[PDB]
Each structure stands twice: as C-alpha cells, then as structure tokens.
>>> print(open('run_37.cif').read())   # mmCIF, C-alpha atoms and all ligand atoms
data_start
#
loop_
_atom_site.label_atom_id
_atom_site.label_comp_id
_atom_site.auth_asym_id
_atom_site.auth_seq_id
_atom_site.Cartn_x
_atom_site.Cartn_y
_atom_site.Cartn_z
CA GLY A 1 23.12 25.42 -22.75
CA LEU A 2 21.32 28.73 -22.65
CA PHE A 3 24.19 30.33 -24.52
CA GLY A 4 24.77 27.62 -27.08
CA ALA A 5 28.56 27.54 -26.77
CA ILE A 6 29.62 24.70 -24.40
CA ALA A 7 28.45 21.39 -25.92
CA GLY A 8 26.89 23.49 -28.69
CA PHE A 9 28.62 25.14 -31.61
CA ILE A 10 31.83 24.28 -29.81
CA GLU A 11 31.18 20.54 -29.54
CA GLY A 12 33.09 19.23 -26.60
CA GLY A 13 35.96 20.69 -24.57
CA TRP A 14 39.81 20.43 -24.37
CA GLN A 15 41.51 17.91 -22.07
CA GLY A 16 44.71 19.60 -23.21
CA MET A 17 44.13 23.11 -21.93
CA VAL A 18 44.98 22.64 -18.34
CA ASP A 19 45.74 26.10 -16.97
CA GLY A 20 42.31 27.74 -17.10
CA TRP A 21 38.64 27.19 -17.88
CA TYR A 22 38.50 29.02 -21.22
CA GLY A 23 41.17 29.66 -23.80
CA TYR A 24 42.64 29.27 -27.22
CA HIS A 25 44.10 26.74 -29.57
CA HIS A 26 46.22 28.08 -32.41
CA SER A 27 47.84 26.65 -35.49
CA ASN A 28 50.38 28.24 -37.81
CA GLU A 29 53.65 27.69 -39.74
CA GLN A 30 55.67 27.55 -36.44
CA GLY A 31 53.33 24.89 -34.99
CA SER A 32 50.24 24.71 -32.82
CA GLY A 33 49.34 24.84 -29.13
CA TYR A 34 46.88 25.70 -26.35
CA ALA A 35 46.85 28.81 -24.17
CA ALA A 36 44.41 29.74 -21.32
CA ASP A 37 42.76 33.14 -21.27
CA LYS A 38 43.81 34.46 -17.88
CA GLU A 39 41.36 37.32 -17.67
CA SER A 40 38.14 35.42 -18.39
CA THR A 41 39.16 32.51 -16.24
CA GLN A 42 39.89 34.99 -13.44
CA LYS A 43 36.47 36.78 -13.69
CA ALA A 44 34.85 33.40 -13.54
CA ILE A 45 36.83 32.34 -10.42
CA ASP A 46 35.95 35.67 -8.85
CA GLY A 47 32.26 35.05 -9.61
CA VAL A 48 32.05 31.52 -8.39
CA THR A 49 34.19 32.30 -5.35
CA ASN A 50 31.96 35.16 -4.36
CA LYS A 51 28.91 32.96 -4.97
CA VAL A 52 30.14 30.26 -2.68
CA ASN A 53 30.91 32.88 -0.05
CA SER A 54 27.48 34.52 -0.36
CA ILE A 55 25.74 31.18 0.08
CA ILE A 56 27.78 30.40 3.22
CA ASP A 57 27.05 33.88 4.55
CA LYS A 58 23.27 33.91 3.92
CA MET A 59 22.93 30.51 5.53
CA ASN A 60 24.69 31.84 8.62
CA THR A 61 21.62 32.66 10.64
CA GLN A 62 19.13 29.83 10.25
CA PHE A 63 16.95 27.90 12.68
CA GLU A 64 18.67 26.10 15.56
CA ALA A 65 16.60 23.55 17.43
CA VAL A 66 16.77 23.41 21.27
CA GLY A 67 15.48 20.56 23.47
CA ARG A 68 12.51 21.17 25.76
CA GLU A 69 10.82 18.57 27.88
CA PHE A 70 7.13 18.27 28.67
CA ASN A 71 5.16 16.06 31.03
CA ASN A 72 2.37 13.67 30.25
CA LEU A 73 -0.37 16.38 30.50
CA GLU A 74 1.45 18.91 28.34
CA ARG A 75 0.95 16.88 25.23
CA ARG A 76 -0.64 19.72 23.23
CA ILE A 77 2.33 22.02 23.76
CA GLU A 78 4.79 19.14 23.20
CA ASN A 79 3.14 18.59 19.82
CA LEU A 80 3.11 22.33 19.08
CA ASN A 81 6.83 22.37 19.95
CA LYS A 82 7.68 19.38 17.76
CA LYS A 83 5.78 20.81 14.82
CA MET A 84 7.27 24.26 15.20
CA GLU A 85 10.75 22.84 15.23
CA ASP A 86 10.11 20.40 12.39
CA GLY A 87 8.51 23.27 10.52
CA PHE A 88 11.72 25.24 10.50
CA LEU A 89 13.99 22.28 9.60
CA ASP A 90 11.69 21.92 6.57
CA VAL A 91 11.74 25.56 5.55
CA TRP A 92 15.47 25.65 5.85
CA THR A 93 16.12 22.36 3.99
CA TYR A 94 13.95 23.58 1.11
CA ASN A 95 15.83 26.90 1.11
CA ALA A 96 19.26 25.22 0.95
CA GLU A 97 18.26 22.65 -1.63
CA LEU A 98 16.51 25.11 -3.88
CA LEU A 99 19.28 27.69 -3.63
CA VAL A 100 21.77 25.01 -4.56
CA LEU A 101 19.73 23.80 -7.54
CA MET A 102 18.98 27.29 -8.76
CA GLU A 103 22.55 28.53 -8.45
CA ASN A 104 23.96 25.38 -10.15
CA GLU A 105 22.02 26.19 -13.31
CA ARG A 106 23.23 29.78 -13.23
CA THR A 107 26.82 28.66 -12.73
CA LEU A 108 26.73 26.20 -15.58
CA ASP A 109 25.09 28.90 -17.77
CA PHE A 110 27.60 31.55 -16.59
CA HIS A 111 30.52 29.45 -17.96
CA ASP A 112 28.61 28.89 -21.21
CA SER A 113 28.19 32.66 -21.47
CA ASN A 114 31.83 33.19 -20.74
CA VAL A 115 32.89 30.98 -23.66
CA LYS A 116 30.41 32.65 -26.02
CA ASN A 117 31.69 36.11 -25.04
CA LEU A 118 35.35 35.16 -25.51
CA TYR A 119 34.52 33.71 -28.92
CA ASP A 120 32.75 36.98 -29.78
CA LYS A 121 35.80 38.92 -28.48
CA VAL A 122 37.99 37.26 -31.01
CA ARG A 123 35.27 37.48 -33.69
CA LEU A 124 34.93 41.29 -33.46
CA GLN A 125 38.73 41.85 -33.30
CA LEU A 126 39.40 39.88 -36.51
CA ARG A 127 36.24 40.80 -38.46
CA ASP A 128 36.70 40.02 -42.19
CA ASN A 129 40.46 39.46 -41.75
CA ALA A 130 39.35 35.96 -40.77
CA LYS A 131 36.66 33.50 -41.81
CA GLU A 132 34.33 31.98 -39.18
CA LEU A 133 34.48 28.21 -39.77
CA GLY A 134 31.62 27.31 -37.48
CA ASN A 135 33.10 24.94 -34.94
CA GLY A 136 34.61 27.59 -32.72
CA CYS A 137 37.51 28.37 -35.08
CA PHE A 138 38.67 31.22 -37.30
CA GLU A 139 40.85 30.76 -40.39
CA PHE A 140 42.97 33.84 -41.11
CA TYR A 141 43.17 35.43 -44.54
CA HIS A 142 46.72 36.51 -43.65
CA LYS A 143 49.77 34.88 -42.11
CA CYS A 144 49.53 35.04 -38.29
CA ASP A 145 52.69 34.08 -36.40
CA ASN A 146 53.07 33.61 -32.65
CA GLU A 147 53.38 37.40 -32.04
CA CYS A 148 50.23 38.04 -34.08
CA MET A 149 48.44 35.22 -32.22
CA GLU A 150 49.26 36.73 -28.82
CA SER A 151 47.86 40.01 -30.07
CA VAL A 152 44.55 38.16 -30.56
CA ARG A 153 44.81 36.57 -27.13
CA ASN A 154 45.49 39.75 -25.23
CA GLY A 155 43.15 42.30 -26.88
CA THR A 156 45.77 44.02 -29.08
CA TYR A 157 45.14 42.72 -32.62
CA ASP A 158 45.65 45.55 -35.12
CA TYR A 159 43.10 45.04 -37.86
CA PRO A 160 44.37 47.84 -40.11
CA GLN A 161 47.85 46.33 -40.14
CA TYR A 162 46.76 43.11 -41.89
CA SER A 163 43.69 44.23 -43.85
CA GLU A 164 45.58 44.73 -47.12
CA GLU A 165 46.93 41.22 -47.09
CA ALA A 166 43.47 40.14 -46.06
CA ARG A 167 41.76 41.85 -49.01
CA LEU A 168 44.24 40.25 -51.45
CA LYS A 169 43.57 36.79 -50.12
CA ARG A 170 39.74 37.19 -50.11
CA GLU A 171 40.22 38.44 -53.69
CA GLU A 172 42.15 35.33 -54.73
CA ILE A 173 39.48 33.07 -53.13
CA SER A 174 36.44 34.71 -54.87
CA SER A 175 38.27 34.64 -58.22
CA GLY A 176 38.87 30.86 -57.83
CA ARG A 177 42.69 30.79 -57.73
CA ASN B 224 9.37 -0.30 44.09
CA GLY B 225 7.35 -2.03 46.82
CA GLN B 226 5.88 1.19 48.26
CA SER B 227 2.26 2.43 48.12
CA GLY B 228 3.19 5.70 49.80
CA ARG B 229 4.40 8.66 47.75
CA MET B 230 6.98 11.38 48.07
CA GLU B 231 6.42 14.75 46.29
CA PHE B 232 9.33 17.09 45.92
CA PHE B 233 9.34 20.85 45.60
CA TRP B 234 11.92 23.57 44.94
CA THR B 235 12.74 27.22 44.73
CA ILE B 236 15.53 29.61 43.80
CA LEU B 237 16.33 31.59 46.94
CA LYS B 238 17.84 34.94 46.00
CA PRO B 239 20.91 36.25 47.75
CA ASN B 240 20.02 37.97 51.06
CA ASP B 241 16.61 36.26 51.27
CA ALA B 242 15.50 33.46 53.60
CA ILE B 243 13.28 30.44 53.35
CA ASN B 244 11.13 29.68 56.42
CA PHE B 245 9.69 26.22 56.94
CA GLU B 246 7.05 25.23 59.43
CA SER B 247 5.67 21.74 59.94
CA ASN B 248 3.74 19.35 61.99
CA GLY B 249 4.36 16.07 60.09
CA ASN B 250 5.30 14.53 56.69
CA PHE B 251 8.16 16.99 56.12
CA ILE B 252 11.19 15.90 54.13
CA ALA B 253 13.67 18.61 55.07
CA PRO B 254 16.63 19.99 53.14
CA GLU B 255 20.12 19.07 54.31
CA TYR B 256 22.15 20.11 51.26
CA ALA B 257 21.32 22.78 48.69
CA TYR B 258 23.07 24.07 45.56
CA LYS B 259 24.77 27.40 44.93
CA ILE B 260 24.55 28.37 41.25
CA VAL B 261 28.21 29.19 40.81
CA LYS B 262 28.25 29.78 37.09
CA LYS B 263 25.68 30.33 34.38
CA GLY B 264 26.24 29.89 30.63
CA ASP B 265 25.31 27.93 27.51
CA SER B 266 24.46 24.31 28.13
CA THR B 267 21.85 21.71 27.32
CA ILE B 268 20.50 18.40 28.48
CA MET B 269 21.32 16.01 25.68
CA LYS B 270 19.41 12.81 25.44
CA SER B 271 21.84 10.08 24.40
CA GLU B 272 22.44 6.45 25.35
CA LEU B 273 26.15 6.85 24.51
CA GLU B 274 29.09 7.20 26.95
CA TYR B 275 32.12 9.46 27.43
CA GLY B 276 34.49 9.13 24.44
CA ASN B 277 37.74 10.56 25.92
CA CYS B 278 37.93 13.09 23.13
CA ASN B 279 37.35 16.75 22.31
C1 LIG C 301 19.33 37.69 55.96
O1 LIG C 301 20.42 38.13 56.76
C2 LIG C 301 20.89 39.47 56.61
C3 LIG C 301 21.80 39.80 57.79
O2 LIG C 301 22.87 38.90 57.80
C4 LIG C 301 19.79 40.51 56.58
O3 LIG C 301 20.41 41.71 56.12
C5 LIG C 301 19.66 42.87 56.54
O4 LIG C 301 18.51 42.97 55.72
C6 LIG C 301 17.91 44.23 55.65
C7 LIG C 301 16.54 44.08 54.97
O5 LIG C 301 16.65 43.20 53.87
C8 LIG C 301 18.89 45.11 54.87
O6 LIG C 301 18.30 46.35 54.50
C9 LIG C 301 20.20 45.30 55.68
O7 LIG C 301 21.29 45.60 54.83
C10 LIG C 301 20.60 44.10 56.55
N1 LIG C 301 20.75 44.54 57.93
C11 LIG C 301 21.87 44.35 58.65
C12 LIG C 301 21.85 44.86 60.07
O8 LIG C 301 22.88 43.80 58.19
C13 LIG C 301 18.57 40.06 55.76
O9 LIG C 301 17.45 40.86 56.03
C14 LIG C 301 18.15 38.65 56.11
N2 LIG C 301 17.07 38.31 55.21
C15 LIG C 301 15.84 38.01 55.60
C16 LIG C 301 14.84 37.68 54.52
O10 LIG C 301 15.49 37.97 56.77
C1 LIG C 302 50.10 41.69 -26.27
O1 LIG C 302 50.73 41.00 -27.36
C2 LIG C 302 51.89 41.51 -28.03
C3 LIG C 302 52.58 40.38 -28.78
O2 LIG C 302 52.35 40.49 -30.16
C4 LIG C 302 52.92 42.03 -27.05
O3 LIG C 302 54.05 42.58 -27.71
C5 LIG C 302 52.23 43.05 -26.16
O4 LIG C 302 53.23 43.57 -25.32
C6 LIG C 302 51.13 42.36 -25.34
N1 LIG C 302 50.48 43.32 -24.44
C7 LIG C 302 50.26 43.11 -23.13
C8 LIG C 302 49.58 44.22 -22.36
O5 LIG C 302 50.57 42.07 -22.53
#
>>> encode(input="run_37.cif", output="structure tokens")
Amino acid sequence: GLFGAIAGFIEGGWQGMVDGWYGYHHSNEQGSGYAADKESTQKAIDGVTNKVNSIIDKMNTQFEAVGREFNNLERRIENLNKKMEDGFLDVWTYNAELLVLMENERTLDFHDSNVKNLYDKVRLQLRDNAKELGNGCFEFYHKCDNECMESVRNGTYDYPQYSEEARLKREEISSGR
Amino acid sequence: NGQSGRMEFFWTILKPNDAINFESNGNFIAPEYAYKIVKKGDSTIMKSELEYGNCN
C-alpha cells in the first residue's frame, strides 16, 4: 500500500480485534489482550460514510432516456436519437465505473494511512521509553501495567513519569547485563 | 386485409371555446366520438410484450 503499513511493516491483520478497524494489542505481567481505537475507527467511518453519501448525491442528476417513435422516413433523426441516448448511457457508465475504481484505491489507501498514523501516534508518545521492534510493536523499557497501557491508548501517556526507569533499563542493556 | 382502397386519418386538438367546421362532398369519414383530455401528467408508452402482473 501507498503508506506501507497494512500488509507492509505490519504483516497481516488481527482476526481477534473485532470492535473496530484499527487498534492495539498489549502484553504485560497481568496478561495480554486486544483493544480497538475508537477515535481513529470513528474518523474512518465518518470518512467512508460521507464518501458513500457524496457518490449517491453526485449521481443524482444523470441522463434519463425517454422513448420517442419515428416513422420509416425519419430514419436519420431516429438514428440521431438512438446515438444521442446511447451516447449518454456511455458517458454515465464510464463516470460511475471510473469514480468507483478511483475511490476504491483512495479508500484502501486511506485505511493504510490511518494505521500508519496511529502507529506514529504511539511512537511519538513513547519516544525512547520504548524500543521500536519493527513489526508494528514497541517493547517498553519500563513496567507498563493496564493503567499505563490505557494511557498510551487514549493520548495521555506521561513520558516524564517513566523516563528515569527507562534510562536505567537502557543503561543496563548497553552495559550488557 | 383484402382491400386495395385506403383510409387516411387526421386529427387536431380543439381548444376550449373553439369550433371545428367540416365541409364535404364525398369520401368523408366523420367523427362520432372524440376525447376530452381530463388529466395531464407524467406517463410513457412502454414497449413490452409482457402482461399485467397484479402487483405494485
Ligand atoms: C363557441 O360557442 C360559444 C358560445 O356558446 C362562443 O362564445 C362566444 O365567443 C365570443 C368570441 O370568441 C366570446 O367573446 C364570447 O364570450 C361568447 N359570446 C357569448 C354571447 O357567449 C364561441 O365564440 C363559439 N366559438 C366559435 C369558434 O364559434
Ligand atoms: C486515559 O487513561 C487513564 C488510565 O491510565 C485514565 O485514568 C484517564 O482517565 C483516561 N482519560 C480519558 C479522557 O479517558
């Protein structure tokens, strides 16, 4: 994908996160578990919902054939009528098909972007209090219990509060144990 | 349909308060019944071989 997240550096998705499109999996002393990100999933639903509505709305006026009859010596205008009417069915079919194809790509790329951005949200909260492992996961340099996890999930992680514990752990790791 | 003669029909929309005056000397096929246009609206002449489906 254009944003390299879905079926990219995050290889494959989670059958087990059922309550949203994007979210988190965590793992600590008290266990592990999945949790949807409500806010991103909601922005996405808003986007896609609006998109589907805009498509319906723009296709609202659009050519509507009407039947006209012509006698056997009005063949030139019967042909001009057929071609005019076929001409519009063709313009409109192209418009619908191409809009659908073009917007499908954008939609699929929109979600990809949404996962990248969420990953980056967590990345820039944690900074060097966690280590980027490369598969979509962060490994903390400090103990992070369920309360601390939620703080990551909801925008509230206090970096200063853990950084001391973080610097001690990074220290132990560089030194070799 | 067994006939070599021909019949050629004509028509007009006769506005309210106006009259139509015929005069003839032969070969006239005269009106007996005519049609008041009681209501106007959206419709169409569909071309279909199908029949009434008792549905809506
Ligand atoms: C058809 O009949 C009516 C009368 O029943 C005629 O109505 C008169 O027409 C004149 C001219 O059009 C009007 O100005 C008057 O209002 C009507 N006069 C009267 C005395 O009612 C009408 O003219 C007739 N139409 C034709 C074409 O002869
Ligand atoms: C975010 O997470 C913490 C849990 O550590 C919680 O106490 C806080 O109230 C949450 N804030 C909001 C706005 O939900």
>>> residues_near_ligand(input="run_37.cif", ligand="ligand LIG 301 (chain C)", cutoff="10 Å", atoms="all atoms listed in the file", output="NGL selection string")
:B and (237-244)
>>> write_last_selection(input="run_37.cif", atoms="C-alpha atoms", output="mmCIF file, in the coordinates of the input")
data_model
loop_
_atom_site.group_PDB
_atom_site.id
_atom_site.type_symbol
_atom_site.label_atom_id
_atom_site.label_comp_id
_atom_site.auth_asym_id
_atom_site.auth_seq_id
_atom_site.Cartn_x
_atom_site.Cartn_y
_atom_site.Cartn_z
ATOM 1 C CA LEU B 237 16.330 31.590 46.940
ATOM 2 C CA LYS B 238 17.840 34.940 46.000
ATOM 3 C CA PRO B 239 20.910 36.250 47.750
ATOM 4 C CA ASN B 240 20.020 37.970 51.060
ATOM 5 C CA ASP B 241 16.610 36.260 51.270
ATOM 6 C CA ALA B 242 15.500 33.460 53.600
ATOM 7 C CA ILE B 243 13.280 30.440 53.350
ATOM 8 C CA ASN B 244 11.130 29.680 56.420
#
>>> residues_around(input="run_37.cif", residues="residue 268 (chain B)", least_positions_apart="4", cutoff="12 Å", atoms="all atoms listed in the file", output="VMD selection string")
chain A and resid 66 to 69
>>> closest_residue(input="run_37.cif", among="A:38, A:132, A:22, A:107", to="ligand LIG 302 (chain C)", atoms="only C-alpha atoms and all ligand atoms")
A:38
>>> closest_residue(input="run_37.cif", among="A:96, A:149, A:91, A:45", to="ligand LIG 302 (chain C)", atoms="only C-alpha atoms and all ligand atoms")
A:149
>>> atom_distance(input="run_37.cif", atom1="CA of residue 34 (chain A)", atom2="CA of residue 145 (chain A)")
14.3 Å
>>> closest_residue(input="run_37.cif", among="A:37, A:137, A:87, A:2", to="ligand LIG 302 (chain C)", atoms="all atoms listed in the file")
A:37
>>> closest_atom_pairs(input="run_37.cif", of="chain A", to="ligand LIG 302 (chain C)", cutoff="10 Å", atoms="only C-alpha atoms and all ligand atoms", output="tab-separated table")
residue	atom	partner	partner_atom	distance
A:145	CA	C:LIG302	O2	9.0
A:146	CA	C:LIG302	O2	7.4
A:147	CA	C:LIG302	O2	3.8
A:148	CA	C:LIG302	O2	5.1
A:149	CA	C:LIG302	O2	6.9
A:150	CA	C:LIG302	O1	4.7
A:151	CA	C:LIG302	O1	4.1
A:152	CA	C:LIG302	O1	7.5
A:153	CA	C:LIG302	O1	7.4
A:154	CA	C:LIG302	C1	5.1
A:155	CA	C:LIG302	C1	7.0
A:156	CA	C:LIG302	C1	5.7
A:157	CA	C:LIG302	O1	7.9
A:158	CA	C:LIG302	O2	9.8
>>> atom_distance(input="run_37.cif", atom1="CA of residue 44 (chain A)", atom2="CA of residue 111 (chain A)")
7.3 Å
>>> atom_distance(input="run_37.cif", atom1="CA of residue 92 (chain A)", atom2="CA of residue 59 (chain A)")
8.9 Å
>>> axis_aligned_box(input="run_37.cif", around="region 249-267 of chain B", padding_each_side="4 Å", output="lines of an AutoDock Vina configuration file")
center_x = 16.3
center_y = 22.4
center_z = 43.7
size_x = 31.9
size_y = 23.8
size_z = 40.8
>>> interface_residues(input="run_37.cif", of="chain B", to="chain A", cutoff="12 Å", atoms="only C-alpha atoms", output="ChimeraX atom specification")
/B:265-270
>>> residues_around(input="run_37.cif", residues="residue 230 (chain B)", least_positions_apart="4", cutoff="12 Å", atoms="only C-alpha atoms", output="ChimeraX atom specification")
/B:226,250-252
>>> closest_residue(input="run_37.cif", among="A:144, A:80, A:100, A:7", to="residue 126 (chain A)", atoms="all atoms listed in the file")
A:144
>>> residues_around(input="run_37.cif", residues="residue 5 (chain A)", least_positions_apart="5", cutoff="9 Å", atoms="all atoms listed in the file", output="ChimeraX atom specification")
/A:10-11,112-116,119,136
>>> closest_residue(input="run_37.cif", among="A:54, A:163, A:32, A:62", to="residue 125 (chain A)", atoms="only C-alpha atoms")
A:163
